[PDB]
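Single chain ahead, written as structure tokens, the form deposited in one PDB entry.
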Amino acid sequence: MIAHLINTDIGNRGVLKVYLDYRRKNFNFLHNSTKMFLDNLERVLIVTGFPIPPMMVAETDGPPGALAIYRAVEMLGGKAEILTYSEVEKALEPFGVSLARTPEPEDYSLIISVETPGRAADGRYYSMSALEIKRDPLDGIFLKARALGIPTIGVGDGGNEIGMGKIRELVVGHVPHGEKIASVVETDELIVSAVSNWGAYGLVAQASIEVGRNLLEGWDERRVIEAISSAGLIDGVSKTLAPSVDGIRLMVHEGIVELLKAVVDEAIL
């Protein structure tokens, strides 16, 4: 099953414990996020981009997930655009992605965050290692969306990203520096995953099953990771230009993807 797979145990105790508790009360969270996804495809805004102190450069986790969702929205008949930092706009350039300009929540039917910084309790922005983030914020549009009642979906794997506000108690208690770094920003639905890109892929995968088409077909993890890495995006852990995500090498990410595609094909047949 998809929610369980994208939360595969990868040696990160914090995220696993959060997932366990989160799913105890919200067993169908991925299903609900999907239902909200499918119902508002008209015009989707995807937000991604996570600055890595002390360089404050964006990492490899997030954009791939955004591209996958972007891809799925277009294939489903909707329209999508991406709000993110410049280094990320450059990395996604080859993929012919509609970039968002002067966006206001009103203009969208659904807004999704894939690994984006969420302001903490003190109104500041922190990394998982408690270092403060200094880069113009992107969560602002989610607050306006919540106030307007516009559908929102968050995807995260740490506790300091947009959407984590819906389960801050789980973050404070299961993650180091939690109380200080846990984002306060909420979304209508939330997807927790071992790696954010997988959360994004899981959404795409669950949607694939409900529409009867494998929306992941054609996706090439290695090609995408290597492109955005050659383009300047760093690995979150090594903080270097290695073609990897969250310090984990490509065969693992590639394996997740390929397994999701199989799980989807098997479910549609």
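The term rigid core refers to the most C-alpha atoms you can superpose between the two forms while keeping them within 1.5 Å. Sequential numbering from 1, following the sequence displayed.
As the entry records it, the average C-alpha temperature factor is higher for 238-246, out of 63-71 and 238-246.
Comparing 125-133 with 108-116, the higher mean C-alpha B-factor in the PDB entry belongs to 125-133. The residue among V44, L30, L233, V47 whose C-alpha atom has the highest B-factor in the PDB entry is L233. Going by the entry's values, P103 shows the largest Cα B-factor out of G199, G159, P103, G154. Per-chain ranking of the deposited C-alpha B factor places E254 in the middle third. Sort the chain's modelled residues by C-alpha temperature factor and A91 lands in the highest third, per the entry. Among the modelled residues of its chain, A262 has a C-alpha B-factor that falls in the lowest third according to the deposited record. The entry lists a Cα temperature factor for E169 that places it in the highest third of the chain's modelled residues. Remark: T34 belongs to the middle third of its chain, ranked by C-alpha B-factor as recorded.
The same protein has a further form, the form deposited in another entry, not shown here; the description that follows concerns it.
With the two forms fitted on their core, the C-alpha shifts between the shown form and the other one stay under 2 Å for all of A231, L241, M56, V211 except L241. Relative to the superposed core, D21 shifts its CA atom by 2 Å or more between the shown form and the other one. Compared with the form shown here, the C-alpha atoms of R24 and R146 sit at least 3 Å closer together in the other form.
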